[PDB]
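K.L.:
before the rest arrives, take these chains from my complex:
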Amino acid sequence: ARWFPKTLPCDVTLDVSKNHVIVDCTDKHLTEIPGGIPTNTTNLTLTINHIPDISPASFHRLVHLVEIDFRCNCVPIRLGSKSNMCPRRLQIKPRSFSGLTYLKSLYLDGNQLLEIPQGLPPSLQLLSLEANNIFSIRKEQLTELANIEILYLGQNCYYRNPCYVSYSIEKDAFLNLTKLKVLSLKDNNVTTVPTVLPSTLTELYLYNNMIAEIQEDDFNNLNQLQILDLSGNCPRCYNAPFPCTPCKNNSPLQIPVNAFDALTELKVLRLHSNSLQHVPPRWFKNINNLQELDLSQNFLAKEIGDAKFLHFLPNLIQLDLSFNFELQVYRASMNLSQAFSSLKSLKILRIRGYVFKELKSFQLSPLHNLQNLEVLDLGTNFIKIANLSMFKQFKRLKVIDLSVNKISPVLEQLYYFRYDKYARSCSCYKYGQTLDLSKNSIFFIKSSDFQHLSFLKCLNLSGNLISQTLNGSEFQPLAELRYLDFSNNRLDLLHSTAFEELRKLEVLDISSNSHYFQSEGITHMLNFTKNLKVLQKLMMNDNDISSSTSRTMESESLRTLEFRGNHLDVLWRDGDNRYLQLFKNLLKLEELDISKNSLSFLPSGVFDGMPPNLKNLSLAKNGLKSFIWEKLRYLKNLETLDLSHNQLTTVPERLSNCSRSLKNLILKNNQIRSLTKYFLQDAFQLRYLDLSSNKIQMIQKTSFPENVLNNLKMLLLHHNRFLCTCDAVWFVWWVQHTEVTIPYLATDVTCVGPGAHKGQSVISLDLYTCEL
């Protein structure tokens, strides 16, 4: 046990490897810099707090600092919290940083700062001033920043943080910063490319601005430049989910043909949402090392059919030409240029939102000999007609995405339509070849549909209109298939011979296929699992299963079954003993999720009819009012038990008398008010205990023995109704001097009383009066 309790409301970590003393005070509702931070502290984080000022006294002793993270302490109105708004901007007093000799990184994002903090140490390499109110950069301001390498000045003038004027940058403002490597000026209302920039630059971000034209001499000296982003300058504002204003007369970002002549070392060129109509081949005359080219959200639908520029990119790896569609035009077919065959290196190709009625083998002919091609993304294209057998010339490919289409007989939810994807805050693919057909209109399936696709390892048929009775003669060609996602469909389990043709299948997802289970008298064959000789994981979540024609599910291979969101309460209706041995015959089963099954009580015989090798069992979100803990004696292999979000008021008299196997117990979000006299007594196998978010008042030494407690990896106690009287004298002392990992010890492990101590942390408590 500890000699001195850790009273500091910050997570202190030690990294002797790099001699870093990391102090983390992220979102600890601070109003002052916490007193008593180690002198040997190097990395200090104070994000999402309410510290109103930074005076020299702030970092006084800690002269060993190398990083200061003072982000979002006064986050702008439109970007930050409306319940707890910032009253006055962060006040940085002079000589606050100049003393910190060893400082290398300084983050001051979202603090409503009016100017570049002067008096900074010459050791600084990184300076972040994002989301502040600095929209006038002058040469005098950056004189102190001589040694800076990475500079973030972005988000200082945009729709979420306006300045109502254009961004101003002095002539040759960044020119004397002879060590500058990274420069971000994103989301700033910048009208023209700041010049002259230092030749030492390698990354340049000028996206989401007022730049309407590029000069030929704009990047004449940036020979060392590797990444350049000129996106959101003359944007394609159609269906934009953010205030978007395009260049007058819908004009594109005017770039001279010889503008990228100096950028020999350029690898990434992002030209997303620039209203571009033509891509001149002359652009890439001297860039033979380009690997990533983002040409999404432009008007290059006609240019895709020509694309003479592709001949100058034989080293290109990534090509994004998404949402280049001409509105009012619903194309019959996709015109792909024969030039796409000259992309000898290309691994990733993305052509979403081209918009066309029909997909044919002939259309994809220029890609037929692209040896390195791994990904083909043709999603959100409204393709009505497509013959899947055409992808036999694409066996080498890892992912063939056709998600969100209208075919009938991993990137984020918002990727191409978000203002800034790289904005800062405060999956079956592994199995092999994947064909994504999710969110389509396939209403009926047959063996002939998957002809020649024997090679597939994963197939996604989620969100289709398959309202069929499968007899195991629908996916006959897919012999190699290991994963099938059949979620969000209308599966009809009339036959127990369903899915049996997929003889190599390891993962089956039949979740959210509730339609037929939601109607009375319909035959449901859940014993279909028996024929799947290699099935490892099965998901039948949110299916509303209240009836079953088969009394048992059979399997000699299955290890994981997700049965969350069904009606086991109806299958297990007290008096009805027919479905109590339902999961008993899934012999190799180790994991069983029977959460969200409306089980207010578990009928006697559920524990006896459990598979022999069950390890992890969840009964979470069931509204369980009563539980017979003693019955866990049947679950002889049990290690984990999730009983979170229930109505349980009492723990067992002796946990060791219930299970000798049980390691991790979860009892969070219940109604427990008091633990039993000798609860955890003699339960030496226990390694994890969550008792957080309950109504517990007192915890005694008998209920929580030290020999049992000191072997726990983590003990969760936060959000309880703790009474800090003289009877809680053991608990207060134990919690303070323990080595056991108690999370939120200085934010949610607090007293509800008596009076004097109401709303005070138990860690800060001093019950010396109980000792006089």
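P.N.:
Nice, I can see it. Residues are numbered from 1 along each chain as shown, chains lettered A, B, ... in the order given.
K.L.:
the helices in the stretch 1-150 of chain A, which residues?
P.N.:
Counting by DSSP state H, counting those that start in this stretch, the stretch 1-150 of chain A has no helices at all.
K.L.:
now the strands for it?
P.N.:
Taking DSSP state E, counting those that start in this stretch, the strands of the stretch 1-150 of chain A run over residues A:11-15, A:20-24, A:43-45, A:53-54, A:67-69, A:91-92, A:105-107, A:126-128, A:136-137, A:150-152.
K.L.:
a markdown table please, covering those and showing distance to residue A:461.
P.N.:
Heads up, the C-betas are built off the backbone N, CA and C, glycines and all. Output for the strands of the stretch 1-150 of chain A, formatted as a markdown table (distance: least, CB to CB, whole Å):
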| stretch | distance to residue A:461 |
| --- | --- |
| strand A:11-15 | 45 |
| strand A:20-24 | 45 |
| strand A:43-45 | 45 |
| strand A:53-54 | 57 |
| strand A:67-69 | 46 |
| strand A:91-92 | 57 |
| strand A:105-107 | 46 |
| strand A:126-128 | 45 |
| strand A:136-137 | 54 |
| strand A:150-152 | 44 |
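K.L.:
could you dump these to a markdown table with mean neighbour count and distance to residue A:754?
P.N.:
Output for those, formatted as a markdown table (neighbours: other CB atoms under 10 Å; distance: least, CB to CB, whole Å):
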| stretch | mean neighbour count | distance to residue A:754 |
| --- | --- | --- |
| strand A:11-15 | 13 | 30 |
| strand A:20-24 | 18 | 33 |
| strand A:43-45 | 21 | 35 |
| strand A:53-54 | 18 | 36 |
| strand A:67-69 | 20 | 39 |
| strand A:91-92 | 17 | 39 |
| strand A:105-107 | 20 | 42 |
| strand A:126-128 | 19 | 46 |
| strand A:136-137 | 18 | 56 |
| strand A:150-152 | 20 | 50 |
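K.L.:
identify the residue nearest the geometric centre of chain A.
P.N.:
Taking CA atoms, centre = their mean, the centroid of chain A lies closest to residue A:412, which sits 8.6 Å from it.
K.L.:
here's chain B, drop it onto the model above:
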Amino acid sequence: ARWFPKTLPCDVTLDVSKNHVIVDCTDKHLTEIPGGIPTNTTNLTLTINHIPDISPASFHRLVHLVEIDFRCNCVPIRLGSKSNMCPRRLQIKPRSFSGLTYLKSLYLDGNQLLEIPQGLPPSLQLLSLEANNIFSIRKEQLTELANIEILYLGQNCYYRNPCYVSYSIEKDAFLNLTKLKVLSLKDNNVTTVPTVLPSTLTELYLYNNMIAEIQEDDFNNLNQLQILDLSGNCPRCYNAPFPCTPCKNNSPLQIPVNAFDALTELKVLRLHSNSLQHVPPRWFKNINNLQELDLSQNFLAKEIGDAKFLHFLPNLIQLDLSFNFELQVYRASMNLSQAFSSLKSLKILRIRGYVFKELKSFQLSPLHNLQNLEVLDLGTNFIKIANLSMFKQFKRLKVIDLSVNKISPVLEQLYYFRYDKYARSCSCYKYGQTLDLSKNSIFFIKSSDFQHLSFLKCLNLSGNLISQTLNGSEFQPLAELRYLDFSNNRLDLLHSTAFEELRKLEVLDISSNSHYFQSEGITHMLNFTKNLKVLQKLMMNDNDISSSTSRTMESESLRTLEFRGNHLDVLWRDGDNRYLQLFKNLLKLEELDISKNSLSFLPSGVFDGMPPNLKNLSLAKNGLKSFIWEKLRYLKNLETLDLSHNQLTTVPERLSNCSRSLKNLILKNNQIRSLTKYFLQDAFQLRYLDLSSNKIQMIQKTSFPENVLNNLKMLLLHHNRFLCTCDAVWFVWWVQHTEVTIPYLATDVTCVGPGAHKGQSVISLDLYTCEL
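P.N.:
Same chains as before, plus chain B:
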């Protein structure tokens, strides 16, 4: 040992017998009321602090308070500290006390208060407002104080705290205080007796004021009155050591003959310094229960010879008639009235400063039959001639004081001449009959001087001019004598037969008789102790003894010897081995004080030549630079060792190996910088350790075993040079969590560094950084 360290800078005590939670913060340099005082607190003391205000928030939780001691927090300029002066008077905000339902006592003395604190609880019994600036009492102000029993309003307008006006009291101001028992108005510039006072009063103090006359009806209703003080009204200002102003024309305090007619229950009447010339017998017509009458500092020298009033006082116990002398008259003899014989009850009689040349048996004749008489004080009388054989008619008497006179062949230093002896802040007699002849002019003594005084048990001849060679034939009659104080004389130890005639003597004090020891070649016989067969204690302090004709002191009875302030360094001069066994032959000796003997080093053989039963040994204030601890193996009965105020730098490697008996070790005010690796290891007999006022930086677990430390009754560590680094991690934790009585833990047990911790108490320290 403790679970929660006591961090509060106040001495917290618990007396479950009276249910009092006593919190004492006397002189703890406080500027705010210390946070975290027990809620169960009843008695709270905050004297000699710098708390500038009292707001309702002050005693918020502690509603169980019965006593509040908020004295001297703003003590007036002339009365308080000049280095740390009070800037602005104590500010008592409204409703600060009204909430404290159970409050009984409230002390607000010396806070420069301008008015009576309003809004006080109706439960209050005692209110103290001494040394404030309240010199105008109005009826409206005391309406809240309905239930008050004891009231202190004194020292609000005197020479140390002026108000430059007369004290004002409304007509019938205290009349409605129907429960008032005590009322002090001392040192207040009061011109007339406040009337009408409540009949319920028992104690009245009106001393040191401007009262020139008493009215007959002034005490007409105070039938219950027990004590009345009217002193310092028309004072005797001759030789006054304070600004004294007497009544015009040196007039006495005019008291009507019938003024004390209502005071039947009066027991104490103090009329000190009232310039009185005649005491009318009519005063005591109805007071037959009076026991204490103070008539000192008046002009009753002629009245002492008449004293017709003494016939009305046959129940009187104490009679003080000191300093009544007439300036310009050095009387031939003391004229005592034959009326003194009517004082059948009198135990104490004091007649100092009558000023007379000669004392004779005949003069004291009225006291010859006073059966109860115990004390006769005839000091500071300038008596030139007196025959001590006259006190044979005073064998019954306990004390016959003749101290400070000019005879030649317990009260304080300032008692009769101090402004206020009862002012508030922020001895052989036990042996039997005593004759005090100290501070006289006796130059020669003989057996005939003490003729008939065989009965005496204690004789004080301190501070006389006895420059004699005693041969043991000077005090032959004093056979019963058990104590002789012969200090401050010029004893000449030419004969070893000195003092031998006092065959029943237990205590002899020959201290400060340095005269002859301060001159070379003179014979000194210290072996004179041998003939005193019952001597228990001997004091020969500050005698400057550097030589002795006798090499050894012999005694079979002596148990205590004080040899402080001599020159043992010269007697024990390295090379001179003659006086090393000096104290060896005092066999029954248990205590030996050899402090202040200029012993920078102890010569080898001093320990071997020590009496066999020595228990307590002081070597304090010697300037001891080096000590051979191992040599304590000779002192086989030693329990206490005082080595305070020396130049010692090191402790022994193992204290347990130096003595087997040592219980209490004192090492305060030394130069110790570090303790030995296993200092207190196995020292099971140790119970007291004073390591205070040294230069110790660190203390380790090995030096202070937990097994030895618990046996310690008290451990003194304060005023040391403690370094609060990570090496002091054990010491900081031990001190915080120990039950061992460590005094000044929150005022002098503090860090000298490193930087961050400089001037911080070790009890408040949190070295959690040393644990990460």
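K.L.:
sorry, back to before: residues in contact with the residue nearest to the centre of chain A?
P.N.:
By CB atoms under 8 Å, 6 or more residues apart in numbering or on different chains, the contact set of residue A:412 is A:418, A:421.
K.L.:
can you tell me the SS state at it?
P.N.:
coil (DSSP: H, G, I helix; E, B strand; the rest coil).
K.L.:
spatially nearest residue to the residue in the stretch 301-450 of chain A positioned nearest to chain B (excluding sequence neighbours)?
P.N.:
Going by CB to the nearest CB, chain B is nearest to residue A:426 of the stretch 301-450 of chain A, at 26.5 Å. With CB to CB, 6 or more residues apart in numbering or on different chains as the criterion, residue A:426 has its nearest non-adjacent residue at 3.7 Å, and that residue is residue A:72.
K.L.:
correct me, but the residue of the stretch 301-450 of chain A closest to chain B touches residue A:69?
P.N.:
No - shown here, residue A:426 and residue A:69 do not form a contact pair, counting by CB atoms under 8 Å, at 10.1 Å.
K.L.:
pull up the overlap in contacts between those two.
P.N.:
Residues touching both residue A:426 and residue A:69 (CB under 8 Å, 6+ apart): residue A:47.
K.L.:
wait, residue A:715 sits on residue A:741?
P.N.:
Yes - in this structure, residue A:715 is within contact of residue A:741 by CB under 8 Å, at 7.0 Å.
K.L.:
these two: who's more crowded?
P.N.:
residue A:715 (19 against 12; other CB atoms under 10 Å in any protein chain shown).
K.L.:
does that one belong to a helix, a strand or coil?
P.N.:
Following three-state DSSP, residue A:715 is assigned to strand.
K.L.:
residues contacting it?
P.N.:
By CB under 8 Å, 6+ apart, the residues touching residue A:715 are A:689, A:691, A:709, A:740-742.
K.L.:
what's the separation between the residue nearest to residue A:426 and chain B?
P.N.:
Using CB to the nearest CB, to the nearest Å, we find residue A:72 at a distance of 27 Å from chain B.
K.L.:
list the contacts of that residue.
P.N.:
A:47-48, A:80, A:109-111, A:131, A:426.
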